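Have a look at the structure below before the remarks.
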Amino acid sequence: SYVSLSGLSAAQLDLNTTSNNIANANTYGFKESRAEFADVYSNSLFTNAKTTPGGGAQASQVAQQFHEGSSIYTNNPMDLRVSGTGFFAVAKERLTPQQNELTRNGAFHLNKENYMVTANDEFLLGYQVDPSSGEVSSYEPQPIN
Amino acid sequence: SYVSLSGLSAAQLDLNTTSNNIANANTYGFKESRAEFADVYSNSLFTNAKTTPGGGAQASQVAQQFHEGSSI
Amino acid sequence: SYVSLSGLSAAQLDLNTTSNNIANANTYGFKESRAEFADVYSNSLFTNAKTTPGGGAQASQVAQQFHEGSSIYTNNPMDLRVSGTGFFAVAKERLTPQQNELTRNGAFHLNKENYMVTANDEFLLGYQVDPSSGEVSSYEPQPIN
Amino acid sequence: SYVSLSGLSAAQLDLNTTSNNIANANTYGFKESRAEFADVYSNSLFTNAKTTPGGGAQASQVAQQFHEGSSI
Amino acid sequence: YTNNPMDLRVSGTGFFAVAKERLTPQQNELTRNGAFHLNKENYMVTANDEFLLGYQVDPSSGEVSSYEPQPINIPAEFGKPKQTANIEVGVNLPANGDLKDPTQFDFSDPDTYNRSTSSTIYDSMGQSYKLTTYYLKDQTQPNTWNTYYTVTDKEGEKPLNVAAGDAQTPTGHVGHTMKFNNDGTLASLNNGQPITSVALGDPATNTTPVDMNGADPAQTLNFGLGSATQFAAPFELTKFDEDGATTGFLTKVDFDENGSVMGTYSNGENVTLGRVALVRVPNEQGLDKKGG
Amino acid sequence: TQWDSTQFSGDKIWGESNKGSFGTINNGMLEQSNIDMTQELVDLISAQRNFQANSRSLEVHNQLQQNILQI
Amino acid sequence: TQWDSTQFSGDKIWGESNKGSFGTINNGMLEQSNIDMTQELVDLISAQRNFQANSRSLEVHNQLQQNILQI
Amino acid sequence: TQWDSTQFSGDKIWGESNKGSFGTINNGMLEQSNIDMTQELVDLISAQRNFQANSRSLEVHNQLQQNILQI
Amino acid sequence: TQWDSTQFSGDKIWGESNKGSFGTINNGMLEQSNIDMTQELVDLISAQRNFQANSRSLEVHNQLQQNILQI
């Protein structure tokens, strides 16, 4: 009966993952999830093996498939998209660029201090380029003003 | 089931935003609105992460796109 | 027969725990309970051990699994939810903030005195911030007005 | 069984609240109601606590959400 | 499956080891259930508040040093600001870069050197300091580079001298030299000597002592540049690793297959709290059965 | 659709229109119910589900008691 | 169709017409809504599709629960 | 749905929101019960099965004793 | 829709746009979900079918146990 309960749990986990994927159909920059499972088997010291059935199914991991999604056009230049490999970097607080998180959506706007932030007013990390030389001198992240 | 309910709420919010934009098609000086959403995920102290699915979709903000409109 | 009676008692305790969990399915901020049991065995000075059977099953504890539950959206800003680790603090009386209890539901509303209270008119404990400095000066809890 | 009966009572109270909200869909100026419930636990002088299950669910209050309604 | 990571199961042969009291790990009993939770002292205990016995692993080495069983503790704070001692830097230097005069090096003039990089370091007390590294391409010797370091505190930017670096500017600043083979790989570093800097805040060894503001003045930095290369590619900071740390709070805790209980804090260090002891007896049929 | 002031509510604070914390008065309009049919129907479904679960639990309790009765 | 200055917006910066970063003022013209009917209708269709998909998911969840109920 | 700090729990540690190990606070939301109806129903069925098995064992014991009695 | 770097993920490698292995940055666009509704709905149907099959198996196990009980 526990094997059947494990099967029910795995099926409901896949159902929940699919429901989350469907619900996030409109979220910007969202990446879908995939449910992968694995077989279960005992490893007792004295195992008959030929006379021992399986032990059900165990959830292995919920994947985070990162294949490129489609792009919409809003004609708003403050909206940015990373085509290819790479993530945007945003910091919770302006004065602590060290504490940062990665994101993909580009719904940016200027706050009252003329800094580019996300919807949650999280500052967008940027570099500092040289006045004449195109190459960026310092690679430390800082908020863009 | 609450994930599906969150998806329904997000879809209905987008529907309402679009309906408001369509209704205000003749109002002078009106600026359209855009509905932006975000994912939901728990941050429990003891989180399995790999074995934990998503938490639905949460409304982030209703934008106020201020791009210049046409002139009559 | 006492072993069978212990088994019956344990099964009925688990049944009651499950019934309570099902009954509280709609309560805001509720945390489920899990019933855990343990074996029973004698510890006599002169025990045959090999020739002595078990002593039944005894309830060990009723757990209070505190894993984060799902969230509903009501579009009522007076409703609050703690995402992650943390509890709200509520005081029975306004004048005795020391006497307080922890809770998780956020059904708050202004009473006749413009204080944020729960359903049972229990005042919500909060800090007092500096006018200019964001950091809270005094960490003592006081009712929010 | 009394815990199950309390659960039935709470579910039926929520059902009645929803029915009233649906019935008053056309009444002018009506404000919806929300059902809020709470847990029950004993406070005996000698309580084992670790070996005591819950006491069911008790209806706390029927709210009167006063958020602005639509205008015709 | 309860999806509660504090619940553990021994798949195969083995028993959990639990002690009646924290201070007496010798008095222990074997069990199989894994209903674990932190007590008020942040120790993993069973339902009966019996401490779970575990090992103590090395900070860097995965192998456990001492096999004696001890209660497992999960601190809620990384309460030990760790000073930076070893910094690993891997860069690629431009082979086509313009040559510079070794005697004309000056960190105040950008045109005298080739490239400058910035990084953050921590002292004993956890104060953050800005570390700037200046790379200069030698003109006299082809495939030779000069590296200098400076520390910028609130007082100003003070140059840092190497204990045995073979690059002495006329001003007095001491750097180290890097040489590369024909294939562009790394040939030698500071004439084969390890790169150890002078004490930051000790005037007895530094002509420009760094203002520690109460920190340890004898702090020393060891730079590991074993992956530095000189190719046709432009200047690039490929890798930067340090051993510094700052105060932080417990964020999440997980268990690997080896039984090591790992926890990540706000600072970023993945501190391994310990391992979970496993006990196996030759004849399991003869174990006496206690309660629970 | 009328309310009165109780002890918990407080005391009636009188005021004009568009003064202080009060709102404005618009003629030619009326207020509808502040309900959402989608939310009400989904809540109805969820409440029915919970009621069925509780009835199942009560049936299990009664079945256990009757099983003990037949000894 | 009126807005006010809040904390997030900042503070009102006053100025003249065609001065600094401001625009110009033309008489005899009015602003229409800055919307595109085509995009609004397409978004309406997409939102309906998403709502139907989510309703299907919720129906599947309820059917699973009812199937378990009948044991 | 309220808790208090006891000897085993420890002492209450006060703090702000989104500071240290604390979480965040969101307005406009409420927390539901952290239960899964499927798991609860399955556990209910299993508990009923265990109770029936124990009742069977008790009946066996009583029948054996009565069989001894009729000698 | 934000991520952080953990032990398994590695360490954050910074870079510019259209340099090395990084991609390009296009303004005026946004990323949608990288999902396919058809695949999600078909997976939903398949998962429901698997759940029904497992529930049938559990019911068979319970029926066998209850059949043994009545001896």
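Chain labels A, B, ... are given in the sequence in which chains occur in the structure tokens; within each chain residues are numbered consecutively from 1, and ligands are likewise numbered from 1 in the order shown.
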Non-local contacts of range 31-41 of chain A (7 Å; only C-alpha atoms; under 2 positions in same chain excluded) as a PyMOL selection string: (chain A and resi 14+17+21+29+43+54-66) or (chain I and resi 33-35)
Report as a tab-separated table: every residue of range 3-59 of chain I with an atom at most 12 Å from range 46-55 of chain G, its closest pair of atoms, and their distance in Å to one decimal, counting only C-alpha atoms, with rows sorted by chain and ascending residue number.
```
residue	atom	partner	partner_atom	distance
I:36	CA	G:53	CA	11.5
I:37	CA	G:53	CA	8.0
I:38	CA	G:53	CA	9.9
I:39	CA	G:53	CA	11.8
I:40	CA	G:53	CA	9.3
I:41	CA	G:53	CA	7.7
I:42	CA	G:53	CA	11.5
I:44	CA	G:53	CA	10.5
```
Please produce an output containing N, CA and C atoms for each residue in the selection, written as an mmCIF file, in the first residue's frame.
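Just written: part_18.cif:
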```
data_model
loop_
_atom_site.group_PDB
_atom_site.id
_atom_site.type_symbol
_atom_site.label_atom_id
_atom_site.label_comp_id
_atom_site.auth_asym_id
_atom_site.auth_seq_id
_atom_site.Cartn_x
_atom_site.Cartn_y
_atom_site.Cartn_z
ATOM 1 N N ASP I 36 4.937 25.665 -22.984
ATOM 2 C CA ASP I 36 4.073 25.348 -24.113
ATOM 3 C C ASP I 36 2.763 24.805 -23.563
ATOM 4 N N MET I 37 1.665 25.522 -23.821
ATOM 5 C CA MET I 37 0.384 25.175 -23.210
ATOM 6 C C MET I 37 -0.070 23.777 -23.608
ATOM 7 N N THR I 38 0.131 23.408 -24.873
ATOM 8 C CA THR I 38 -0.248 22.076 -25.331
ATOM 9 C C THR I 38 0.438 20.994 -24.504
ATOM 10 N N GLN I 39 1.757 21.105 -24.343
ATOM 11 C CA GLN I 39 2.492 20.105 -23.580
ATOM 12 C C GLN I 39 2.032 20.077 -22.130
ATOM 13 N N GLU I 40 1.786 21.249 -21.540
ATOM 14 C CA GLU I 40 1.348 21.291 -20.148
ATOM 15 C C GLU I 40 -0.001 20.604 -19.971
ATOM 16 N N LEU I 41 -0.948 20.861 -20.875
ATOM 17 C CA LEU I 41 -2.262 20.237 -20.759
ATOM 18 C C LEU I 41 -2.184 18.726 -20.954
ATOM 19 N N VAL I 42 -1.380 18.274 -21.920
ATOM 20 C CA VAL I 42 -1.243 16.834 -22.134
ATOM 21 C C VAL I 42 -0.596 16.173 -20.922
ATOM 22 N N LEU I 44 -0.835 17.267 -17.913
ATOM 23 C CA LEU I 44 -1.871 17.282 -16.885
ATOM 24 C C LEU I 44 -2.776 16.065 -17.014
#
```
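Superposing chain F on chain H by least squares over every C-alpha atom, paired in order, leaves an RMSD of 0.1 Å.
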What's the 6 Å shell around range 112-119 of chain C, counting only C-alpha atoms, without same-chain residues fewer than 4 positions away, as a CSV table (one decimal) with N, CA and C atoms, in the first residue's frame?
```
chain,number,residue,atom,x,y,z
C,107,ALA,N,-5.5,38.8,10.0
C,107,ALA,CA,-6.8,39.4,9.9
C,107,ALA,C,-6.8,40.6,10.9
C,108,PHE,N,-6.3,41.7,10.5
C,108,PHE,CA,-6.2,42.9,11.4
C,108,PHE,C,-7.2,43.9,10.9
C,123,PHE,N,-4.6,43.4,20.7
C,123,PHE,CA,-3.8,44.4,20.1
C,123,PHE,C,-2.5,43.8,19.5
C,124,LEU,N,-2.1,44.4,18.4
C,124,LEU,CA,-0.9,43.9,17.6
C,124,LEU,C,0.3,44.7,18.1
C,144,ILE,N,0.3,49.2,18.2
C,144,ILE,CA,0.4,50.1,17.1
C,144,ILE,C,-0.9,51.0,17.0
C,145,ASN,N,-0.6,52.3,16.9
C,145,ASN,CA,-1.7,53.2,16.7
C,145,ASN,C,-1.6,54.0,15.4
F,9,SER,N,-18.0,49.5,17.3
F,9,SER,CA,-17.8,50.4,16.1
F,9,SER,C,-17.3,51.7,16.5
F,10,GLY,N,-17.7,52.3,17.6
F,10,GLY,CA,-17.3,53.6,18.1
F,10,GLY,C,-18.5,54.6,18.1
```
Please report, as CSV, each residue of chain I lying at most 9 Å from chain E, together with the nearest pair of atoms and the separation in Å rounded to one decimal; use only C-alpha atoms, and order rows by chain and ascending residue number.
```
residue,atom,partner,partner_atom,distance
I:6,CA,E:264,CA,8.5
I:7,CA,E:270,CA,7.3
I:13,CA,E:238,CA,8.4
```
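Within the 12 Å cut-off around residue 72 in chain B, using only C-alpha atoms and omitting residues fewer than 6 positions from it on the same chain, the listed residues are residues 26, 28 and 29 of chain B; 26, 27, 28, 29, 30, 31, 32 and 33 of chain G.
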Can you write just those residues out, N, CA, C and O atoms, as a compact mmCIF listing (two decimals), in the first residue's frame?
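Here's the written file result.txt:
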```
# COMPACT_ATOMS: atom_id res chain seq x y z
N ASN B 26 -11.56 56.43 -25.52
CA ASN B 26 -11.92 57.77 -25.97
C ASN B 26 -11.63 58.85 -24.94
O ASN B 26 -11.73 60.03 -25.27
N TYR B 28 -9.83 61.60 -22.92
CA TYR B 28 -8.74 62.50 -23.28
C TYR B 28 -7.64 62.41 -22.23
O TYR B 28 -7.91 62.48 -21.03
N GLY B 29 -6.40 62.25 -22.69
CA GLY B 29 -5.26 62.25 -21.80
C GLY B 29 -5.05 60.97 -21.02
O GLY B 29 -4.16 60.94 -20.15
N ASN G 26 0.97 73.14 -27.48
CA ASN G 26 0.30 73.49 -28.72
C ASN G 26 -1.18 73.69 -28.45
O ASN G 26 -1.82 72.85 -27.80
N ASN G 27 -1.73 74.80 -28.92
CA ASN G 27 -3.15 75.06 -28.79
C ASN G 27 -3.91 74.45 -29.96
O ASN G 27 -3.37 74.25 -31.05
N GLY G 28 -5.19 74.16 -29.72
CA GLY G 28 -6.02 73.55 -30.73
C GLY G 28 -5.86 72.05 -30.88
O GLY G 28 -6.38 71.49 -31.85
N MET G 29 -5.17 71.39 -29.95
CA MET G 29 -4.98 69.95 -30.02
C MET G 29 -5.31 69.33 -28.67
O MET G 29 -5.30 69.99 -27.63
N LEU G 30 -5.61 68.04 -28.70
CA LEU G 30 -5.92 67.28 -27.50
C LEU G 30 -5.25 65.92 -27.60
O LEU G 30 -4.92 65.44 -28.68
N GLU G 31 -5.04 65.30 -26.44
CA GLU G 31 -4.43 63.98 -26.37
C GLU G 31 -5.52 62.91 -26.28
O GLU G 31 -6.43 63.02 -25.45
N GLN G 32 -5.41 61.90 -27.13
CA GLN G 32 -6.27 60.73 -27.02
C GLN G 32 -5.58 59.68 -26.16
O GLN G 32 -4.46 59.86 -25.69
N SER G 33 -6.27 58.57 -25.92
CA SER G 33 -5.68 57.49 -25.16
C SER G 33 -4.54 56.85 -25.96
O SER G 33 -4.64 56.65 -27.17
```
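The part of chain D that reaches within 7 Å of chain C is made up of residues 3, 4, 6, 7, 36, 37, 38, 39, 50, 51, 53, 54, 55, 56, 57, 60 and 61 of chain D, counting only C-alpha atoms.
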Strand (DSSP E) call set, DSSP backbone run, chain H, as JSON, numbers by chain: {"H": [2, 3, 24, 25, 26, 27, 29, 30, 31]}
Could I get the residues of chain B with an atom no further than 10 Å from an atom of chain G, each paired with its nearest atom pair and that distance in Å to one decimal, using only C-alpha atoms, sorted by chain and residue number, as a Markdown table?
```
| residue | atom | partner | partner_atom | distance |
| --- | --- | --- | --- | --- |
| B:1 | CA | G:58 | CA | 5.8 |
| B:2 | CA | G:58 | CA | 8.3 |
| B:3 | CA | G:58 | CA | 8.5 |
| B:4 | CA | G:54 | CA | 5.3 |
| B:5 | CA | G:58 | CA | 7.1 |
| B:6 | CA | G:54 | CA | 8.7 |
| B:7 | CA | G:54 | CA | 5.8 |
| B:8 | CA | G:51 | CA | 5.5 |
| B:9 | CA | G:51 | CA | 8.5 |
| B:10 | CA | G:51 | CA | 8.4 |
| B:11 | CA | G:51 | CA | 5.3 |
| B:12 | CA | G:51 | CA | 7.1 |
| B:13 | CA | G:47 | CA | 9.2 |
| B:14 | CA | G:47 | CA | 6.6 |
| B:15 | CA | G:47 | CA | 6.0 |
| B:16 | CA | G:44 | CA | 9.4 |
| B:17 | CA | G:44 | CA | 9.5 |
| B:18 | CA | G:40 | CA | 6.1 |
| B:19 | CA | G:44 | CA | 8.0 |
| B:21 | CA | G:35 | CA | 7.1 |
| B:22 | CA | G:40 | CA | 6.9 |
| B:24 | CA | G:33 | CA | 7.0 |
| B:25 | CA | G:33 | CA | 5.6 |
| B:26 | CA | G:33 | CA | 6.3 |
| B:27 | CA | G:33 | CA | 6.2 |
| B:28 | CA | G:32 | CA | 4.8 |
| B:29 | CA | G:31 | CA | 5.0 |
| B:30 | CA | G:33 | CA | 4.7 |
| B:31 | CA | G:34 | CA | 5.7 |
| B:32 | CA | G:35 | CA | 5.9 |
| B:33 | CA | G:35 | CA | 9.0 |
| B:65 | CA | G:34 | CA | 8.7 |
| B:66 | CA | G:34 | CA | 8.1 |
| B:67 | CA | G:34 | CA | 7.0 |
| B:68 | CA | G:34 | CA | 6.5 |
| B:69 | CA | G:34 | CA | 4.1 |
| B:70 | CA | G:32 | CA | 5.8 |
| B:71 | CA | G:31 | CA | 4.9 |
| B:72 | CA | G:30 | CA | 5.4 |
```
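Backbone DSSP of chain D yields helix (DSSP H, G or I) at residues 2, 3, 4, 5, 6, 7, 8, 9, 10, 11, 12, 13, 14, 15, 16, 17, 18, 19, 20, 21, 22 and 23 of chain D.
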Got time to write the residues from that selection, N, CA and C atoms, as a CSV table (one decimal), in the first residue's frame?
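Result file follows (result.csv):
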```csv
chain,number,residue,atom,x,y,z
D,2,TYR,N,-16.8,14.8,17.4
D,2,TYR,CA,-17.1,16.2,17.6
D,2,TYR,C,-16.2,17.2,16.9
D,3,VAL,N,-14.9,16.8,16.7
D,3,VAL,CA,-14.1,17.6,15.8
D,3,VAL,C,-14.6,17.5,14.4
D,4,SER,N,-15.0,16.4,13.9
D,4,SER,CA,-15.6,16.3,12.6
D,4,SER,C,-16.8,17.1,12.5
D,5,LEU,N,-17.7,17.1,13.5
D,5,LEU,CA,-18.9,17.8,13.5
D,5,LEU,C,-18.6,19.3,13.5
D,6,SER,N,-17.5,19.8,14.2
D,6,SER,CA,-17.1,21.2,14.2
D,6,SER,C,-16.6,21.5,12.8
D,7,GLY,N,-15.9,20.6,12.1
D,7,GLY,CA,-15.5,20.9,10.7
D,7,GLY,C,-16.7,21.0,9.8
D,8,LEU,N,-17.7,20.1,10.0
D,8,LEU,CA,-18.9,20.3,9.2
D,8,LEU,C,-19.6,21.6,9.4
D,9,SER,N,-19.7,22.0,10.7
D,9,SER,CA,-20.3,23.3,11.0
D,9,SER,C,-19.6,24.4,10.4
D,10,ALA,N,-18.3,24.4,10.4
D,10,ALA,CA,-17.5,25.5,9.8
D,10,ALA,C,-17.7,25.5,8.3
D,11,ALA,N,-17.6,24.4,7.7
D,11,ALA,CA,-17.8,24.3,6.2
D,11,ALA,C,-19.2,24.8,5.8
D,12,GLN,N,-20.2,24.4,6.6
D,12,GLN,CA,-21.6,24.9,6.3
D,12,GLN,C,-21.8,26.4,6.5
D,13,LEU,N,-21.1,26.9,7.6
D,13,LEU,CA,-21.1,28.4,7.8
D,13,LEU,C,-20.5,29.1,6.6
D,14,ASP,N,-19.4,28.6,6.2
D,14,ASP,CA,-18.7,29.3,5.0
D,14,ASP,C,-19.6,29.1,3.8
D,15,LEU,N,-20.3,28.0,3.6
D,15,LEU,CA,-21.2,27.8,2.5
D,15,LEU,C,-22.4,28.8,2.6
D,16,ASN,N,-22.9,29.0,3.8
D,16,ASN,CA,-24.0,30.0,3.9
D,16,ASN,C,-23.6,31.4,3.7
D,17,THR,N,-22.3,31.7,4.1
D,17,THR,CA,-21.8,33.1,3.8
D,17,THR,C,-21.7,33.3,2.3
D,18,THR,N,-21.1,32.3,1.6
D,18,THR,CA,-21.0,32.4,0.2
D,18,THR,C,-22.3,32.5,-0.5
D,19,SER,N,-23.3,31.7,0.0
D,19,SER,CA,-24.7,31.8,-0.6
D,19,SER,C,-25.3,33.2,-0.4
D,20,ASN,N,-25.1,33.8,0.8
D,20,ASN,CA,-25.6,35.1,1.0
D,20,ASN,C,-24.9,36.1,0.1
D,21,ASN,N,-23.6,36.0,-0.1
D,21,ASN,CA,-22.9,36.9,-1.0
D,21,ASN,C,-23.4,36.8,-2.4
D,22,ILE,N,-23.6,35.5,-2.9
D,22,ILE,CA,-24.1,35.3,-4.2
D,22,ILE,C,-25.5,35.9,-4.4
D,23,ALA,N,-26.4,35.6,-3.4
D,23,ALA,CA,-27.8,36.1,-3.4
D,23,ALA,C,-27.8,37.6,-3.5
```
Please identify every residue of chain I that has at least one atom no farther than 9 Å from an atom of chain H, counting only C-alpha atoms, and for each give the shortest atom pair and the distance in Å to one decimal, arranged by chain then increasing number, as CSV.
```
residue,atom,partner,partner_atom,distance
I:62,CA,H:49,CA,8.1
I:65,CA,H:49,CA,8.2
I:66,CA,H:49,CA,8.0
I:69,CA,H:53,CA,7.4
```
Would you save the residues of that selection, restricted to N, CA, C and O atoms, as a compact mmCIF listing (two decimals), in the first residue's frame?
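To be explicit, this is the file written out as result-v6.txt:
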```txt
# COMPACT_ATOMS: atom_id res chain seq x y z
N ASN I 62 -6.42 -2.18 -0.11
CA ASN I 62 -7.34 -2.07 1.02
C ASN I 62 -8.43 -3.13 0.95
O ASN I 62 -8.83 -3.69 1.98
N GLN I 65 -6.99 -6.41 2.14
CA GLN I 65 -6.83 -6.43 3.59
C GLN I 65 -8.17 -6.60 4.30
O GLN I 65 -8.29 -7.37 5.26
N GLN I 66 -9.21 -5.90 3.83
CA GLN I 66 -10.52 -6.03 4.45
C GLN I 66 -11.12 -7.40 4.20
O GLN I 66 -11.86 -7.92 5.05
N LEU I 69 -9.65 -9.49 6.71
CA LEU I 69 -10.20 -9.16 8.02
C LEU I 69 -11.46 -9.96 8.34
O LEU I 69 -11.70 -10.29 9.50
```
